[PDB]
Amino acid sequence: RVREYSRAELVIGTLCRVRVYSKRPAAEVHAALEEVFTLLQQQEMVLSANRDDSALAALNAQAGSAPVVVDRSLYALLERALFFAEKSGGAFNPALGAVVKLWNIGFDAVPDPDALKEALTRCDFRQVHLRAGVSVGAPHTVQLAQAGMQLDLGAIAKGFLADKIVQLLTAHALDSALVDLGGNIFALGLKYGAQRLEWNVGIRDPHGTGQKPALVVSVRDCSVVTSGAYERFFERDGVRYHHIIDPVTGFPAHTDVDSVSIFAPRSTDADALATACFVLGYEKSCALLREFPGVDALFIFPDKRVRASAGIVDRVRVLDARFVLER
Ligand SMILES: Nc1ncnc2c1ncn2[C@@H]1O[C@H](COP(=O)(O)OP(=O)(O)O)[C@@H](O)[C@H]1O
Ligand SMILES: [Mg+2]
Ligand SMILES: [Mg+2]
């Protein structure tokens, strides 16, 4: 008997839901889901920026001092984040904490011009030194060379966690699932109905209440992560300030797309690239994405035109006829 299971909780500061189809005994699926959400709870205390408690916060507290020992997994995440910092030319920047914290208070007024200029001197991700010994049991260490520099993994954390969850589900012999971490999707395998079908993931209207999808894409074994100008913002004197920062200016990025969705085998990659591509804009995004052949992208423009890379365009269906899919 094929059974369908779902579970959701408020965790890592958002609503996380996993949906599973399985013929394994219910007890086994329940065990897997129990562990998925235990993982998420534990990982919140490792990765969460703005905590005091988290490993990340402790790491930030040691900026400008001695190397700090970290678990293999946090290390691996940092390696990847720096990787995308280099490839994207800093558009995605995991060492942007000093600036983000200044805007984080705004949500609760615009930062001061110089204060902002000052924070940016403390965002050189190239000053993040990762070192790992090669001998049996050698430790993994991180050193923030520049004083005042603060790590913030908010733009790659969900992807990292979705990949961890997929590993977990797979470890429990589950091969059909839809992982949703606050809009960060991973579609594992196929769902059940033509019997076995691709998952249908909706992309919201960037200006929409998010109750209905503008588009829907069919995918298997794939992450779908969207970066929008309206996922999170505050308004002051007629001006909207969204959460995604352009590290050159220190202000919310001004770009020629309303949203960019990345489709990748790894959600970690999809999450970082989605953020980078938003900051870069359409043309520079296309250039960067050519260096990642196994990745696909979907851009929604302010005039409601939609462009999709060759890998997914055939799998895209428009639900809101105000939008047009260019071929
Ligand atoms: N240019 C950037 N590079 C990396 N991280 C960023 C950047 N700008 C903002 N951030 C951090 O990442 C978060 C946004 O990441 P993103 O993945 O685009 O959105 P979401 O949080 O919805 O996944 C912000 O809340 C901020 O803390
Ligand atoms: Mg991101
Ligand atoms: Mg993200």
Side-chain angles (χ1 to χ4, degrees), residues 12-16 43-44 47-51 54 56-57 60 77-78 80-108 111 116 119-120 123-126 128 149-164 179-186 203-204 206 210 223-234 241-255 257-264 266-281 284-285 288 295 297:
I12 64 175
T14 187
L15 178 63
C16 300
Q43 283 303 130
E44 174 170 339
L47 296 175
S48 177
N50 190 343
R51 273 302 251 179
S54 66
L56 196 63
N60 285 337
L77 175 54
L78 296 171
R80 200 67 180 153
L82 293 177
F83 170 76
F84 283 106
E86 268 290 330
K87 293 289 284 184
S88 66
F92 169 93
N93 186 338
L96 213 49
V99 169
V100 172
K101 290 302 181 65
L102 275 170
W103 279 98
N104 260 3
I105 77 185
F107 280 88
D108 315 330
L116 200 59
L120 280 168
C123 297
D124 194 355
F125 65 80
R126 289 181 184 183
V128 178
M149 171 173 23
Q150 306 292 277
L151 293 172
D152 173 12
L153 308 177
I156 198 176
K158 286 180 192 94
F160 171 75
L161 293 179
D163 283 330
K164 264 192 157 180
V179 178
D180 170 16
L181 311 183
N184 188 297
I185 309 310
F186 193 99
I203 315 282
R204 59 174 274 140
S223 183
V224 186
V225 182
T226 303
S227 273
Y230 311 103
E231 191 268 314
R232 175 183 158 177
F233 69 81
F234 82 86
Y241 300 90
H242 58 89
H243 70 309
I244 301 166
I245 303 296
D246 185 333
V248 171
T249 70
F251 274 79
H254 295 148
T255 177
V257 300
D258 277 351
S259 77
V260 46
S261 305
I262 301 298
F263 303 71
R266 291 155 285 285
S267 186
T268 296
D269 301 346
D271 198 359
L273 287 170
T275 297
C277 281
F278 185 84
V279 179
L280 287 169
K284 286 176 176 173
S285 281
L288 171 65
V295 174

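Residue numbers start at 1 and run along the sequence shown. Basis for what follows: all heavy atoms, side chains included, without hydrogens, waters or symmetry-related copies. Order of listing sets the numbers, starting from 1, for every ligand and every atom in it.
- Between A91 and ligand 1, an N or O atom pair is found at a separation short of 3.5 Å.
- Set against the non-hydrogen atoms of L96, the atoms of ligand 1 under 4.0 Å away are 1 (N), 2 (C), 7 (C), 8 (N).
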Intermediate values then yes/no, side chain to side chain contact (heavy atoms under 4.5 Å, CB included), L288 and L273: CA-CA 9 Å; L288 171 65; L273 287 170; 4.1 Å; yes
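- Here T275 contributes OG1 and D271 contributes OD1, and at the Mg ion (ligand 2) these two atoms make an angle of 170°, given to 10°.
- Here the protein heavy atom with the shortest distance to atom 18 (O) of ligand 1 is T275 OG1, 2.8 Å.
- With respect to atom 4 (C) of ligand 1, the closest heavy atom belonging to the protein is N93 O, 3.1 Å.
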The test is side chain to side chain contact (heavy atoms under 4.5 Å, CB included); show your working for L78 and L151 and say whether it passes. CA-CA 10 Å; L78 296 171; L151 293 172; 4.2 Å; yes
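- When the options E231, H243, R232 are ranked by their closest heavy atom to atom 9 (C) of ligand 1, first place goes to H243.
- Between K158, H242, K101, it is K158 that holds the heavy atom closest to atom 23 (O) of ligand 1.
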Please determine whether side chain to side chain contact (heavy atoms under 4.5 Å, CB included) holds for the pair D269 and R80, giving the CA-CA distance in whole Å, both sets of side-chain angles, and the decisive distance to 0.1 Å. CA-CA 8 Å; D269 301 346; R80 200 67 180 153; 2.9 Å; yes
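- Residue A155 counts as close to the Mg ion (ligand 2), with an N, O or S atom under 2.8 Å.
- At a cut-off of 3.5 Å, with distance as the only test, no side-chain donor of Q150 or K101 sits close to an acceptor on the other residue.
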Could you please spell out the steps behind the side chain to side chain contact (heavy atoms under 4.5 Å, CB included) verdict for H243 and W103? CA-CA 8 Å; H243 70 309; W103 279 98; over 6 Å; no
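- Some N or O of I245 is nearer than 3.5 Å to an N or O of ligand 1, by distance alone.
- The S227 neighbourhood of ligand 1 comprises atoms 18 (O), with distances under 4.0 Å to a heavy atom of that residue.
- Counting the atoms of ligand 1 from 1 in the order shown, those under 4.0 Å from a heavy atom of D152 are 11 (C), 26 (C), 27 (O).
- The minimum heavy-atom distance between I185 and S223, with the atom names listed, is O-OG, 3.0 Å.
- Considering CG of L56 and CG of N50, their distance stands at 10.5 Å, rounded to 0.5 Å.
- Under 4.0 angstrom from ligand 1, the non-hydrogen atoms of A155 come from both its backbone and its side chain.
- Taking the six-membered ring where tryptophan is involved, the planes of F278 and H242 are perpendicular, since the angle between them exceeds 60° and thus also 30°.
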